[PDB]
>>> print(open('model36.txt').read())   # compact mmCIF, N, CA, C and O atoms
# COMPACT_ATOMS: atom_id res chain seq x y z
N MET A 1 -9.75 -7.76 -6.32
CA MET A 1 -9.21 -8.48 -5.13
C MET A 1 -9.14 -7.51 -3.95
O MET A 1 -8.96 -6.31 -4.13
N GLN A 2 -9.29 -8.05 -2.74
CA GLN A 2 -9.25 -7.24 -1.52
C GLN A 2 -8.07 -7.66 -0.64
O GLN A 2 -7.58 -8.78 -0.74
N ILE A 3 -7.65 -6.75 0.23
CA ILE A 3 -6.55 -7.04 1.16
C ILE A 3 -6.66 -6.15 2.39
O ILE A 3 -7.50 -5.26 2.44
N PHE A 4 -5.81 -6.42 3.37
CA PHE A 4 -5.81 -5.65 4.61
C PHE A 4 -4.56 -4.79 4.71
O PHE A 4 -3.46 -5.24 4.36
N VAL A 5 -4.72 -3.57 5.21
CA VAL A 5 -3.60 -2.65 5.38
C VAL A 5 -3.40 -2.36 6.86
O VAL A 5 -4.35 -2.01 7.57
N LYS A 6 -2.17 -2.53 7.31
CA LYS A 6 -1.83 -2.31 8.72
C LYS A 6 -0.91 -1.11 8.86
O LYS A 6 0.09 -0.99 8.14
N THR A 7 -1.23 -0.21 9.80
CA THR A 7 -0.41 0.98 10.03
C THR A 7 0.35 0.85 11.35
O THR A 7 0.26 -0.16 12.04
N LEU A 8 1.10 1.89 11.70
CA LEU A 8 1.86 1.88 12.94
C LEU A 8 0.94 2.00 14.15
O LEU A 8 1.30 1.58 15.25
N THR A 9 -0.24 2.57 13.95
CA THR A 9 -1.19 2.73 15.06
C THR A 9 -1.97 1.44 15.29
O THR A 9 -2.92 1.42 16.08
N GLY A 10 -1.57 0.36 14.62
CA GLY A 10 -2.25 -0.92 14.79
C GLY A 10 -3.65 -0.88 14.20
O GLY A 10 -4.52 -1.67 14.57
N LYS A 11 -3.86 0.03 13.25
CA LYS A 11 -5.16 0.15 12.58
C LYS A 11 -5.20 -0.79 11.39
O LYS A 11 -4.27 -0.81 10.58
N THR A 12 -6.29 -1.56 11.27
CA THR A 12 -6.45 -2.50 10.16
C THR A 12 -7.64 -2.08 9.32
O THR A 12 -8.76 -1.95 9.82
N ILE A 13 -7.40 -1.87 8.04
CA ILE A 13 -8.45 -1.46 7.11
C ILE A 13 -8.37 -2.27 5.83
O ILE A 13 -7.28 -2.60 5.36
N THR A 14 -9.53 -2.59 5.28
CA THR A 14 -9.59 -3.37 4.04
C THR A 14 -9.80 -2.45 2.84
O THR A 14 -10.57 -1.50 2.90
N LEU A 15 -9.07 -2.75 1.77
CA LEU A 15 -9.14 -1.96 0.54
C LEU A 15 -9.48 -2.87 -0.65
O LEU A 15 -9.09 -4.04 -0.68
N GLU A 16 -10.17 -2.31 -1.63
CA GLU A 16 -10.53 -3.06 -2.85
C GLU A 16 -9.68 -2.55 -4.00
O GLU A 16 -9.68 -1.36 -4.30
N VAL A 17 -8.93 -3.45 -4.63
CA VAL A 17 -8.05 -3.06 -5.73
C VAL A 17 -7.94 -4.16 -6.78
O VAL A 17 -8.31 -5.31 -6.54
N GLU A 18 -7.40 -3.79 -7.94
CA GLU A 18 -7.21 -4.73 -9.04
C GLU A 18 -5.74 -5.17 -9.05
O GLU A 18 -4.87 -4.40 -8.65
N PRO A 19 -5.45 -6.36 -9.50
CA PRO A 19 -4.05 -6.86 -9.55
C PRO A 19 -3.19 -6.05 -10.51
O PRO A 19 -1.96 -6.14 -10.50
N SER A 20 -3.85 -5.26 -11.36
CA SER A 20 -3.15 -4.44 -12.35
C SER A 20 -3.09 -2.97 -11.92
O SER A 20 -2.67 -2.11 -12.69
N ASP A 21 -3.52 -2.69 -10.69
CA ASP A 21 -3.50 -1.32 -10.19
C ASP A 21 -2.06 -0.85 -10.01
O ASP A 21 -1.17 -1.64 -9.67
N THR A 22 -1.82 0.44 -10.25
CA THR A 22 -0.48 1.00 -10.12
C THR A 22 -0.25 1.46 -8.69
O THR A 22 -1.18 1.86 -8.00
N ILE A 23 1.00 1.41 -8.25
CA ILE A 23 1.32 1.84 -6.90
C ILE A 23 0.78 3.24 -6.65
O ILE A 23 0.55 3.64 -5.52
N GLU A 24 0.55 3.97 -7.74
CA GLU A 24 0.01 5.32 -7.63
C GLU A 24 -1.49 5.26 -7.34
O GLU A 24 -1.97 5.81 -6.35
N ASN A 25 -2.24 4.59 -8.22
CA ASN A 25 -3.67 4.46 -8.05
C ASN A 25 -4.00 3.90 -6.67
O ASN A 25 -4.94 4.36 -6.01
N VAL A 26 -3.24 2.91 -6.24
CA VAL A 26 -3.48 2.30 -4.93
C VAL A 26 -3.23 3.32 -3.82
O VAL A 26 -4.00 3.40 -2.86
N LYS A 27 -2.16 4.10 -3.95
CA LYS A 27 -1.85 5.10 -2.95
C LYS A 27 -2.98 6.11 -2.89
O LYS A 27 -3.35 6.59 -1.82
N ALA A 28 -3.54 6.40 -4.05
CA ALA A 28 -4.65 7.33 -4.16
C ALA A 28 -5.83 6.83 -3.32
O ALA A 28 -6.51 7.61 -2.66
N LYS A 29 -6.05 5.51 -3.36
CA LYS A 29 -7.13 4.91 -2.59
C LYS A 29 -6.87 5.10 -1.10
O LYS A 29 -7.78 5.38 -0.31
N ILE A 30 -5.60 4.95 -0.72
CA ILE A 30 -5.20 5.12 0.66
C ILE A 30 -5.39 6.57 1.10
O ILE A 30 -5.93 6.83 2.17
N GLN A 31 -4.95 7.50 0.26
CA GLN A 31 -5.09 8.92 0.58
C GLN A 31 -6.56 9.29 0.75
O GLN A 31 -6.94 9.98 1.69
N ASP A 32 -7.38 8.84 -0.19
CA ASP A 32 -8.80 9.15 -0.16
C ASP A 32 -9.45 8.70 1.16
O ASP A 32 -10.33 9.38 1.68
N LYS A 33 -9.03 7.55 1.68
CA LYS A 33 -9.62 7.03 2.92
C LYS A 33 -8.91 7.54 4.18
O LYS A 33 -9.57 7.80 5.19
N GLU A 34 -7.58 7.66 4.14
CA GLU A 34 -6.83 8.11 5.33
C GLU A 34 -6.44 9.59 5.25
O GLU A 34 -6.02 10.17 6.25
N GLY A 35 -6.62 10.20 4.09
CA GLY A 35 -6.32 11.62 3.93
C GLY A 35 -4.83 11.93 4.13
O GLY A 35 -4.44 13.09 4.22
N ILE A 36 -4.00 10.89 4.20
CA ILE A 36 -2.56 11.08 4.38
C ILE A 36 -1.87 11.21 3.01
O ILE A 36 -1.88 10.27 2.22
N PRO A 37 -1.26 12.35 2.70
CA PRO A 37 -0.57 12.54 1.38
C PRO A 37 0.29 11.32 0.99
O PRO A 37 0.87 10.66 1.86
N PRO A 38 0.37 11.00 -0.28
CA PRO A 38 1.17 9.83 -0.76
C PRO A 38 2.67 10.07 -0.64
O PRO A 38 3.46 9.12 -0.60
N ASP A 39 3.07 11.34 -0.59
CA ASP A 39 4.48 11.68 -0.48
C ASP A 39 4.97 11.48 0.95
O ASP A 39 6.17 11.51 1.21
N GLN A 40 4.03 11.26 1.88
CA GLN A 40 4.39 11.05 3.29
C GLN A 40 4.31 9.58 3.66
O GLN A 40 4.72 9.18 4.75
N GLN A 41 3.76 8.76 2.76
CA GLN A 41 3.61 7.33 3.02
C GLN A 41 4.43 6.48 2.05
O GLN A 41 4.61 6.83 0.89
N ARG A 42 4.90 5.34 2.56
CA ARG A 42 5.68 4.39 1.78
C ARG A 42 5.07 3.00 1.97
O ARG A 42 4.72 2.62 3.09
N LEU A 43 4.93 2.24 0.88
CA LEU A 43 4.34 0.90 0.96
C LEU A 43 5.40 -0.17 0.73
O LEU A 43 6.13 -0.13 -0.27
N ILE A 44 5.50 -1.13 1.66
CA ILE A 44 6.49 -2.21 1.56
C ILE A 44 5.83 -3.59 1.69
O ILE A 44 4.89 -3.78 2.48
N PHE A 45 6.36 -4.55 0.93
CA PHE A 45 5.88 -5.93 0.94
C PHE A 45 7.05 -6.86 0.65
O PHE A 45 7.92 -6.53 -0.15
N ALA A 46 7.08 -8.02 1.29
CA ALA A 46 8.18 -8.95 1.06
C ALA A 46 9.50 -8.21 1.22
O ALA A 46 10.46 -8.44 0.47
N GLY A 47 9.53 -7.32 2.21
CA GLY A 47 10.72 -6.53 2.52
C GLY A 47 11.14 -5.59 1.38
O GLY A 47 12.22 -5.01 1.44
N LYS A 48 10.30 -5.44 0.34
CA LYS A 48 10.64 -4.56 -0.79
C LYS A 48 9.65 -3.41 -0.93
O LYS A 48 8.44 -3.59 -0.78
N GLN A 49 10.18 -2.23 -1.24
CA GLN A 49 9.37 -1.04 -1.43
C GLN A 49 8.81 -1.02 -2.86
O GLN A 49 9.53 -1.28 -3.82
N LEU A 50 7.52 -0.72 -2.98
CA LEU A 50 6.88 -0.69 -4.30
C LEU A 50 7.24 0.59 -5.05
O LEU A 50 7.15 1.70 -4.51
N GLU A 51 7.68 0.43 -6.30
CA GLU A 51 8.08 1.57 -7.14
C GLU A 51 6.90 2.15 -7.91
O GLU A 51 6.02 1.42 -8.39
N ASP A 52 6.91 3.46 -8.04
CA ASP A 52 5.86 4.16 -8.76
C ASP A 52 5.90 3.80 -10.24
O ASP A 52 6.97 3.71 -10.84
N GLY A 53 4.72 3.59 -10.83
CA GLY A 53 4.63 3.25 -12.25
C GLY A 53 4.52 1.74 -12.46
O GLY A 53 4.25 1.28 -13.57
N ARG A 54 4.73 0.95 -11.40
CA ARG A 54 4.63 -0.51 -11.51
C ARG A 54 3.25 -0.99 -11.07
O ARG A 54 2.56 -0.32 -10.31
N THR A 55 2.84 -2.16 -11.57
CA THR A 55 1.54 -2.74 -11.23
C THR A 55 1.72 -3.79 -10.14
O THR A 55 2.82 -4.29 -9.94
N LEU A 56 0.64 -4.14 -9.44
CA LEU A 56 0.74 -5.14 -8.38
C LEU A 56 1.27 -6.46 -8.97
O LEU A 56 2.09 -7.12 -8.34
N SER A 57 0.78 -6.84 -10.15
CA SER A 57 1.22 -8.08 -10.77
C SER A 57 2.74 -8.20 -10.72
O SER A 57 3.28 -9.29 -10.55
N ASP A 58 3.42 -7.06 -10.84
CA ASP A 58 4.87 -7.05 -10.78
C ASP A 58 5.33 -7.69 -9.48
O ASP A 58 6.24 -8.52 -9.46
N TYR A 59 4.66 -7.31 -8.40
CA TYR A 59 4.95 -7.83 -7.07
C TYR A 59 3.89 -8.87 -6.69
O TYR A 59 2.78 -8.50 -6.36
N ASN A 60 4.24 -10.16 -6.79
CA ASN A 60 3.29 -11.26 -6.50
C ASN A 60 2.50 -11.08 -5.19
O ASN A 60 2.65 -11.87 -4.25
N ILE A 61 1.64 -10.07 -5.16
CA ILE A 61 0.79 -9.78 -4.01
C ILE A 61 -0.61 -10.33 -4.29
O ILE A 61 -1.39 -9.70 -5.01
N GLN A 62 -0.92 -11.51 -3.76
CA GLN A 62 -2.23 -12.12 -4.01
C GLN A 62 -3.31 -11.58 -3.07
O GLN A 62 -3.05 -10.79 -2.17
N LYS A 63 -4.55 -12.02 -3.33
CA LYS A 63 -5.69 -11.57 -2.55
C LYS A 63 -5.55 -11.95 -1.08
O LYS A 63 -4.99 -12.99 -0.73
N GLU A 64 -6.09 -11.08 -0.23
CA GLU A 64 -6.06 -11.28 1.22
C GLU A 64 -4.64 -11.43 1.75
O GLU A 64 -4.25 -12.50 2.23
N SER A 65 -3.87 -10.34 1.68
CA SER A 65 -2.49 -10.32 2.18
C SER A 65 -2.32 -9.08 3.06
O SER A 65 -3.12 -8.14 2.96
N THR A 66 -1.30 -9.06 3.91
CA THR A 66 -1.07 -7.90 4.78
C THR A 66 0.01 -6.99 4.22
O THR A 66 1.16 -7.41 4.04
N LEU A 67 -0.36 -5.74 3.94
CA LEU A 67 0.58 -4.75 3.40
C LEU A 67 1.10 -3.86 4.53
O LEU A 67 0.35 -3.54 5.46
N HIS A 68 2.37 -3.45 4.46
CA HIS A 68 2.94 -2.59 5.49
C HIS A 68 2.88 -1.13 5.06
O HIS A 68 3.44 -0.76 4.02
N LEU A 69 2.22 -0.28 5.86
CA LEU A 69 2.10 1.13 5.56
C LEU A 69 2.97 1.90 6.53
O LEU A 69 2.66 2.01 7.72
N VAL A 70 4.07 2.41 6.02
CA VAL A 70 5.02 3.18 6.82
C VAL A 70 4.92 4.66 6.47
O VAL A 70 4.70 5.02 5.32
N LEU A 71 5.07 5.51 7.48
CA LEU A 71 4.98 6.95 7.28
C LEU A 71 6.32 7.51 6.82
O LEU A 71 7.27 6.76 6.58
N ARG A 72 6.38 8.82 6.70
CA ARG A 72 7.61 9.48 6.27
C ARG A 72 8.75 9.15 7.22
O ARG A 72 9.83 8.73 6.80
N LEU A 73 8.50 9.33 8.52
CA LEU A 73 9.51 9.04 9.53
C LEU A 73 9.74 7.53 9.63
O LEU A 73 8.80 6.75 9.69
N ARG A 74 11.01 7.14 9.63
CA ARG A 74 11.37 5.73 9.71
C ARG A 74 10.86 5.12 11.01
O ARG A 74 10.36 3.99 11.03
N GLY A 75 10.99 5.87 12.10
CA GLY A 75 10.53 5.39 13.40
C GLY A 75 10.90 6.38 14.51
O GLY A 75 11.32 7.50 14.23
N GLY A 76 10.74 5.95 15.76
CA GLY A 76 11.05 6.81 16.89
C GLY A 76 12.56 7.03 17.01
O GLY A 76 13.20 7.15 15.98
>>> encode(input="model36.txt", output="structure tokens")
Amino acid sequence: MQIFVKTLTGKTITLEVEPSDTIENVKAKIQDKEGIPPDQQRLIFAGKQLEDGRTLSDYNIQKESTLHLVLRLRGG
């Protein structure tokens, strides 16, 4: 399944992942493309932060959805 990722810079990028992918493996995909360490990024959906070791299936995230990519800093 594919989806779109939106950052604070208003950048939109599409990623290919499996519904059984772990928040880790997925972060790895993000790091590989954005080169941003996973320890500096946080992923949130449905107002909830994804926990490490869990699969997407855990979080009813279906195909073609918008994921929120937040950096280490909460904001300005």
>>> residues_around(input="model36.txt", residues="stretch 29-38 of chain A", least_positions_apart="4", cutoff="8 Å", atoms="only C-alpha atoms", output="PyMOL selection string")
chain A and resi 15+25+42
>>> select_by_dssp(input="model36.txt", residues="chain A", states="strand (DSSP E)", output="PyMOL selection string")
chain A and resi 2-6+12-16+41-45+48-49+66-71
>>> atom_distance(input="model36.txt", atom1="atom CA of residue A:60", atom2="atom CA of residue A:13")
20.5 Å
>>> residues_around(input="model36.txt", residues="residue A:8", least_positions_apart="4", cutoff="12 Å", atoms="only C-alpha atoms", output="ChimeraX atom specification")
/A:12,41,67-76
>>> atom_distance(input="model36.txt", atom1="atom CA of residue A:54", atom2="atom CA of residue A:26")
10.8 Å
>>> closest_residue(input="model36.txt", among="A:39, A:20, A:51, A:45", to="residue A:65", atoms="only C-alpha atoms")
A:45
>>> select_by_dssp(input="model36.txt", residues="stretch 28-61 of chain A", states="alpha helix (DSSP H)", output="JSON, numbers by chain")
{"A": [28, 29, 30, 31, 32, 33, 34]}
>>> write_last_selection(input="model36.txt", atoms="N, CA, C and O atoms", output="short mmCIF file (atom, residue, chain, number, x, y, z; two decimals), in the frame of the given file")
data_model
loop_
_atom_site.label_atom_id
_atom_site.label_comp_id
_atom_site.auth_asym_id
_atom_site.auth_seq_id
_atom_site.Cartn_x
_atom_site.Cartn_y
_atom_site.Cartn_z
N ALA A 28 -3.54 6.40 -4.05
CA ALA A 28 -4.65 7.33 -4.16
C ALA A 28 -5.83 6.83 -3.32
O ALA A 28 -6.51 7.61 -2.66
N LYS A 29 -6.05 5.51 -3.36
CA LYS A 29 -7.13 4.91 -2.59
C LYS A 29 -6.87 5.10 -1.10
O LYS A 29 -7.78 5.38 -0.31
N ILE A 30 -5.60 4.95 -0.72
CA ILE A 30 -5.20 5.12 0.66
C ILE A 30 -5.39 6.57 1.10
O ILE A 30 -5.93 6.83 2.17
N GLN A 31 -4.95 7.50 0.26
CA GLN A 31 -5.09 8.92 0.58
C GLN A 31 -6.56 9.29 0.75
O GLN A 31 -6.94 9.98 1.69
N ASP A 32 -7.38 8.84 -0.19
CA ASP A 32 -8.80 9.15 -0.16
C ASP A 32 -9.45 8.70 1.16
O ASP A 32 -10.33 9.38 1.68
N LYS A 33 -9.03 7.55 1.68
CA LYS A 33 -9.62 7.03 2.92
C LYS A 33 -8.91 7.54 4.18
O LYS A 33 -9.57 7.80 5.19
N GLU A 34 -7.58 7.66 4.14
CA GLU A 34 -6.83 8.11 5.33
C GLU A 34 -6.44 9.59 5.25
O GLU A 34 -6.02 10.17 6.25
#
